[PDB]
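Here is the structure we will look at.
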Amino acid sequence: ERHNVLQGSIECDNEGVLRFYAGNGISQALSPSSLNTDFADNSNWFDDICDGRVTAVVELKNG
Amino acid sequence: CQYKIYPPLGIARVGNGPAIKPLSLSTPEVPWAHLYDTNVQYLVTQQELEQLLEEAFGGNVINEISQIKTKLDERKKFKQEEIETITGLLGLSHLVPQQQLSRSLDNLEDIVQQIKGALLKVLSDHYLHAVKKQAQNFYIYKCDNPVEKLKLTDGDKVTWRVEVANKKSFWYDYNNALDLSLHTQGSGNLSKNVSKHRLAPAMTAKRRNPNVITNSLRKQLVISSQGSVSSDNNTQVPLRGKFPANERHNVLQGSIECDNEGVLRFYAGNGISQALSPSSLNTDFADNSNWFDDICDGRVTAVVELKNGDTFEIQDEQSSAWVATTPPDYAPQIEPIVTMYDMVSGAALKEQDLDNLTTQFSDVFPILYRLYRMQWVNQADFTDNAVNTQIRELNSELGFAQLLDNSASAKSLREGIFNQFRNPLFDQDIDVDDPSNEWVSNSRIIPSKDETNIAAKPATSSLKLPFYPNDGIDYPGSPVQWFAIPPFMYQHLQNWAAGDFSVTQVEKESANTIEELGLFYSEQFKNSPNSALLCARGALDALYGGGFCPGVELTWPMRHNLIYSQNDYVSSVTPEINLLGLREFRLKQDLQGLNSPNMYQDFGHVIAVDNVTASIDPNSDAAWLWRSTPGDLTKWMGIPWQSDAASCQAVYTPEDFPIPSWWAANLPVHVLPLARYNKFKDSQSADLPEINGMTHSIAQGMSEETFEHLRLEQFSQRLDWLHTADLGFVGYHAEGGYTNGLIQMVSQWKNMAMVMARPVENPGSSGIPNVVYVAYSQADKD
Amino acid sequence: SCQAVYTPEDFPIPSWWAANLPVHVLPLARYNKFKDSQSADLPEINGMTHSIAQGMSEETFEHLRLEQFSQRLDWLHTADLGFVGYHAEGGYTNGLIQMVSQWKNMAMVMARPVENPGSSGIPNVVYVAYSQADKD
Amino acid sequence: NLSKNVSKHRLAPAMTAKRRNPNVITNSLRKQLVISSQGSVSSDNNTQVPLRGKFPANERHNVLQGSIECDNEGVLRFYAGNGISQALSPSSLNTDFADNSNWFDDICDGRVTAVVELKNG
Amino acid sequence: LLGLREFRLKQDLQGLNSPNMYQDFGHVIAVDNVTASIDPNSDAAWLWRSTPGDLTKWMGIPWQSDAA
Ligand SMILES: [Mg+2]
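Right, here's the structure in full:
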C-alpha cells in the first residue's frame, strides 16, 4: 500500500544552469488485476507524468 | 525399527494470520474432536491481538519504558534510538516489518497506552480477521509399532529436517484424472467399470509454461527450500525459495520450529500467488502460465541423538513422513462426505473381494452424518435432500435408533435410504447404445457450457445421491459425471441395507438422534489409546476424497495403493467399535530428496494414460512417478490454487434444483451469514435495545409465534459463498461472472467467509438447533 | 440490466424495478414443498412420502414448511442466461445477450392458495414464480 | 509423406479429442447432427438439380450442399454450395479456430456413381 | 514432372445407407483408435472405408473460422 513515484530529478551546475529529467516511465495500478483497457480513463492507475512551477533566486557577491 | 514420525503425511494450510502458536490452528490429531465447539475462532480476533500485546508488555518492559520515562522529560516526539529500543524489547519484528513499527510511534505526540494503542492499530491492520494458519505437529514415537511419544531426557536432542518443493509451473495441464483409462481389476476407490467401459476417458495434457524449453531451463520453474531445527533451540526457521529459481521473487513455502520436547510444528505459506507480469491474468481454473504460488510438499526426516552417544536416523520410507500444504479449510467442523483418509483405506482393497468386507453400524454412520451436516454449506442438502429430511423426521420422534436395527422389521427402512445412493459401479440409470457399446445415463446430465439448440433427451431415472459432480464431468451423459461414495463404502452401505452389520447395545442407547450418537462416537475417538494412528488419521480426515478435477488439496494418485510403501489395517478405534478403522500407511519416498536424479523428470511434450500404464511396472523408466520427491504430491493441482478454489463451487443445470456443488465441505457454496445469525440468536425475552435486529418495543409487541417464525425465516436465508467478498460483481454495471471470480480470488481468498459453530442459547419452539454454523466475513457481518 | 446492484455490504441487496422485473422469487418447486397440510390425502406431501411426512412431529413438519417458503431464487436463474453448464461464464453481459431469446422463459409470478397453513406462519395467499427450469 | 522419427521420438504427440456438440447424447439423437442429400441427372435432360439437406436433420434450416447438371454429351458438372454458414442461435459465436458447437456449414463430400445404357440394350 | 498415377478412394458401397454412416469411438477419439483401424479386418477399419461426409468431417466448423 502506497507507492513511491519518481516524478523527476533536478541538478544545477557551476554556471547556474538547471537540468530537469522526467521520471522512469513507471505506470502502475493499485491492484495487479486492474487493467488499463480505456484509451484515456482508467481508475486505480497512476503514472509518473508531472508538471509544475520553476522559480529561482539570484544572489550576487555584493549582497 | 526403533523410532517413527507421525503423522506419515502431515497437512498445513496457508493463511495470512501469523506463524505463532497463539494465533494459529493445529491440524486435527483426534477425529471429530471439535465438531460442536461453539468457542472456535478460525479468524484472528481483536481479543487475541490484545492478549498478544499484553504478553509482549510484561515487565521488564514497563519498568524500562519507565526509564525512557525520564529521558523524555529531561527533554520535554520520540527519537529513532529510543524507538528502536521500544521495539525489540517488544520483539514484534517477526510479525510486522520494523519500518512501520518505527513510524508507528514516530507520529505520536499511560504513556504506555499510547504505545499499545498505536501498535495494536498496526497489528490490527495487518491481522484483524486474518485467516489463521492451520499448522501441523509432527511427533517422534518409540516403536516395538508405536508405543509412546519420544520423551527427551536432559542431554538428548532431536534434529528435524524438511525439504519441500513446488513443481506446479513445471508440470502438465490438468484436463482430468489420468487413471480413468488405466487398466485395473478394480479397487475399493474406483470400479473397473470406468476404464473397462470407457465412461470417462483420460485426456492427453500439455506442459504448463510450454515456452520454456530444455529440461535444464525448466528447472527454473521449480521452487524449493529446506531447513533444520532441533530441540536445543526453538527459533523458527523459514523455508524460502525463489521463482524463477537459480526478476526473482521470494516465495515463503513455510516455517518450521521445534520445542524443547522435540515436537516439530510446520506452518504453510501466507497464501501469496503472483504472475511474473501484472498483466498475466489467471483466467483458467487450473493451468495459468507465468504464475507461481506458495503451495508446497516434501520430505520430513529426523535424527534422534541420546545422551548415551546413540544416534537414530529416521530416514527410510517406513519411518519418515511427508508434509503437504493446501488451500484453507473454510468450514473446519464440516467434514467431506468421502475423505482422503477414506482413499487410503480403500486403496488397499480389491473390488472383487469387497464381498469379504465385514460392516459395523459405525462404518456407515460417517456417510449419513457427513451428508446431514452438509446442510450448513450447501443448499441442496438443507432443502433438497430427501435422506436428510428423513433423518430430521426420525430425530423429531427420537427414532434414529431404528437405523441401528439389523433385523428384518427395520429392513424396509434401511433399504429405503440405501436405494437413494448412487452406485459406484456406474452401471445403473443407463441405456447401452449398440449392445462399440457406450453407456448413456438416463438420469439428469450436467451439460457442457458449449450449447446446442436441440431439445435434450428427457431423463427417466431419478438423480441419486449425493448431488455433487465427479471425475467424469467433462462428458455429458456419462454416469461418472456425478459422485458416488467409493466401492468399499458403498459395500458397507449395501451390507447395512441387507442386515449384515453388527452394532453394540451401548450404541443403540445413545442413538435417539443423529447428534446424540455423533457425540457418543466422538467420545470413542477421544478415548482411543492409539494416539499415533489417530493423529495419522486426523491429518487426512479433513481432506477431500473426490471428485478429482483435480480436487481441493490432493488428487488422484492418492487413491492407488502404488503410491504407498505400506498400507495396513491395524485395529478398530475401540475394541468393539470400528468407525472405519485405524491403519498404518506410509508414502513411497525417494530417499535422495531434492538431490534425487528423478527430481526433474517428465514425459516429454504431453503426459497420457500410457505413461501411467508404464509406471505400474516397478522396473520401468516411468515408475519414478510413484516414488515421491519434494513437490510431487501438489504439482498436479491448479496453479495458482486460488483459480481452482474459485471454480470449485456450483455447476448449474437447466433444472434449478438441486444445485450441484463441487467440494462444499471445504469450499462452501451456500452459507448462513453472521448477519442472519444476529437476526435469530436472541429470544424474545432478551432485554437489549435491539432484539434480532428489531427495536425492543417491536420484538416484544409481536406474538410469540410470530417472533419464532421470524427467527426461522432468518435462519433459512443462505448466501452464495462467492458473494461473501467482492469477486467482481460489486458496483453499478459490474460484470460479475465466472472468470472475474478466478481473477479476484487471488487477492480476495483471504476475505471469503469462514464457517464457525456458534450457540443459540434459547431456541424455544423456533426449530433452530442449539448449535449453528455461521459464516464470518466483512461484507456479510450486517 | 434491471436487477440487483450489489454493494460492498452484503445486505440489504439493492434492486431496481422488482415489482415488474422480479429479483428474488418464490419458485413453484418450493410451493410444492409447503402447500400441503400434514393431513393431506396424497401419497406425497410437501416433497416427502406420506409415511415420512406423517411420521414427524407436527412442530418439525410446520418448521420444514416455513424453511421451504423462505428459499428465494434469483430471478435471473429461472432460465438459462449463460450460467448453465460446466465452466459456464455467466455474468452481467451474457444475461443481456441471452435475454433476447430467454425473456419468454423467465419466471412469471402468480398468486396461489395455501389451504391449511396451520401454525406454520405461511399466509393463505402466496405469490409463486412459474418457469420451466423452476419446476422441481 | 511422414518420417518415422515424428512418432518414434515423440516430436508432436497426438492429443485426445472430445465430441463436438457434446450435449447431444445417444447415437440416435446425434444422427440429427449430420446433413445429407442426394440426386440424379442424366444426359437426356440438362435441368440442374439441387442437393439440399436439413440441419438439424429429421426450426430446421435448409442447407444447399451443391448442385448437379449433366449435358447431352454425358458430362456431369458439380457445383458446391453458396458459402452459407450459420448457428442455430444468433448469439452462438464461432470463436474457436475449428470446434464451434451449435454451427453448421454447407461443405460436403460424397459418392459419385453412374450407369451407362447403350442403344442395343 | 512428378509423374501420373491411377488412384481411387476406399469407398463404402452402400453410401448413405451404410450401417457405418454414424459410427464413432465414444466420448473421445485417440491415436489408439487409429492404430486399431490399420487392420482392414478389425472393428475400427470403417474409419478408412469412406461414407459420405467422411473426408470433410475433420475440418473446422464453420470453415470460415479456420480460414480466418
Ligand atoms: Mg470442511
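Protein chains in written order, with my numbering: chain B, 39 to 101; chain X, 2 to 783; chain D, 12 to 147; chain C, 1009 to 1129; chain S, 2 to 69.
The C-beta atom is built at its ideal place from N, Cα and C for all residues, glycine as well.
Query, Result
"Tell me which same chain residues have a C-beta within less than 6 angstroms of the C-beta of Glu736 (chain X), skipping the five on either side of it?", "none"
"Please list the segments of the alpha helix (DSSP H) lying wholly inside the region 521 to 551 of chain X, counting only runs of 4 or more residues, in order along the chain.", "532 to 542"
"With H, G and I counted as helix, E and B as strand and the rest as coil, what does DSSP make of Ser410 (chain X)?", "helix"
"In terms of residue numbering, what span does the alpha helix (DSSP H) encompassing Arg104 (chain X) cover?", "99 to 107"
"What does a CB cutoff of less than 6 angstroms around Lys682 (chain X) pick up in its chain, not counting 5 residues either side in sequence?", "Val761"
"Is there contact between the region 683 to 697 of chain X and the region 656 to 673 of chain X, where contact requires at least three CB pairs shorter than 8 angstroms?", "no"
"Compare the Cα-Cα distances from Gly54 (chain B) to each of B:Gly101, B:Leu68, B:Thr93 and report the closest residue.", "B:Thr93"
"Check whether the region 330 to 340 of chain X touches the region 747 to 762 of chain X, counting contact only when three or more Cβ pairs, one atom from each stretch, lie closer than 8 angstroms.", "yes"
"For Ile6 (chain X), name the three-state secondary structure that DSSP assigns.", "strand"
"Which residue from X:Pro470, X:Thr390, X:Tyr469 puts its Cα closest to that of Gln65 (chain D)?", "X:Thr390"
"For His74 (chain D), count neighbouring Cβ atoms within 10 angstroms of its own Cβ and tell me buried if that reaches 16, exposed if not.", "buried"
"Please classify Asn579 (chain X) as buried or exposed, where buried requires at least 16 other C-beta atoms within 10 Å of its C-beta.", "buried"
"What does a CB cutoff of less than 6 angstroms around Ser523 (chain X) pick up in its chain, not counting 5 residues either side in sequence?", "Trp33"
"How about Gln745 (chain X) and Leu728 (chain X): do their beta carbons lie closer than 8 angstroms?", "yes"
"Any heavy atom of ligand 2 closer than 7 angstroms to the CB of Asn667 (chain X)?", "For ligand 2, the structure offers nothing, since it holds only ligand 1."
"Relative to chain D, which residues along the region 1088 to 1102 of chain C have a C-beta separation below 7 angstroms, given in chain order?", "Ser1097, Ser1099"
"Going by C-alpha distance, which of X:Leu282, X:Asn216, X:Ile224, X:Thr360 is nearest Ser573 (chain X)?", "X:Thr360"
"Give the straight-line distance between the Cα atoms of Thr52 (chain S) and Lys1127 (chain C), rounded to the nearest whole angstrom.", "33 angstroms"
"According to DSSP, is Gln715 (chain X) part of a helix, a strand, or is it coil?", "helix"
"Looking at C-alpha atoms only, which residue of C:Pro1064, C:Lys1039, C:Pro1058, C:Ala1088 is the closest neighbour of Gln1094 (chain C)?", "C:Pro1064"
"Provide the residue(s) that pair with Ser1075 (chain C) in DSSP beta bridges, ordered along the chain.", "C:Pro1058, C:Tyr1087"
"For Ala37 (chain S), which residues of its own chain have a beta-carbon under 6 angstroms away from its beta-carbon, when the five flanking residues on both sides are left out?", "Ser43, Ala45"
"How would you write the range of the alpha helix (DSSP H) that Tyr370 (chain X) sits in, first residue to last?", "362 to 374"
"With a threshold of 8 angstroms between beta carbons, is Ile455 (chain X) in contact with chain F?", "The question asks about chain F, but that chain is absent: this structure's protein chains are B, X, D, C and S."
"What do you get for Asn57 (chain D), buried or exposed, if any count of 16 or more other CB atoms within 10 angstroms of its CB means buried?", "buried"
"What are the residues in the region 103 to 136 of chain D lying within 8 angstroms of chain C by C-beta distance?", "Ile108, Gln109, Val111, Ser112"
"Strictly below 8 angstroms CB to CB, what residues from chain S border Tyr476 (chain X)?", "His28"
"Is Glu336 (chain X) near ligand 1, going by C-beta to nearest heavy atom under 7 angstroms?", "yes"
"Use the C-beta contact count for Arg249 (chain X): other C-beta atoms within 10 angstroms, 16 or more gives buried, fewer gives exposed.", "exposed"
"Name, please, each residue of chain X whose Cβ falls closer than 7 angstroms to the Cβ of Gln1040 (chain C).", "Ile455"
"What is the C-beta distance between residue 784 (chain X) and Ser644 (chain X), in whole angstroms, given that I count them as a contact (C-beta under 8 angstroms)?", "Missing from the structure shown is residue 784 (chain X); chain X here goes from 2 to 783 and no further."
"Are the Cβ atoms of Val652 (chain X) and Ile446 (chain X) separated by less than 8 angstroms?", "no"
"Report the residues of the region 460 to 486 of chain X with a CB closer than 7 angstroms to any CB of chain S, ordered along the chain.", "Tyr476, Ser479"
"Report yes if the C-beta of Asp330 (chain X) is less than 7 angstroms from at least one heavy atom of ligand 1; otherwise report no.", "yes"
"Among all the DSSP beta bridges, which residues are the ones paired with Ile56 (chain D)?", "D:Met59"
"One question on the structure: do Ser231 (chain X) and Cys259 (chain X) come within less than 8 angstroms of each other, judged by their Cβ atoms?", "yes"
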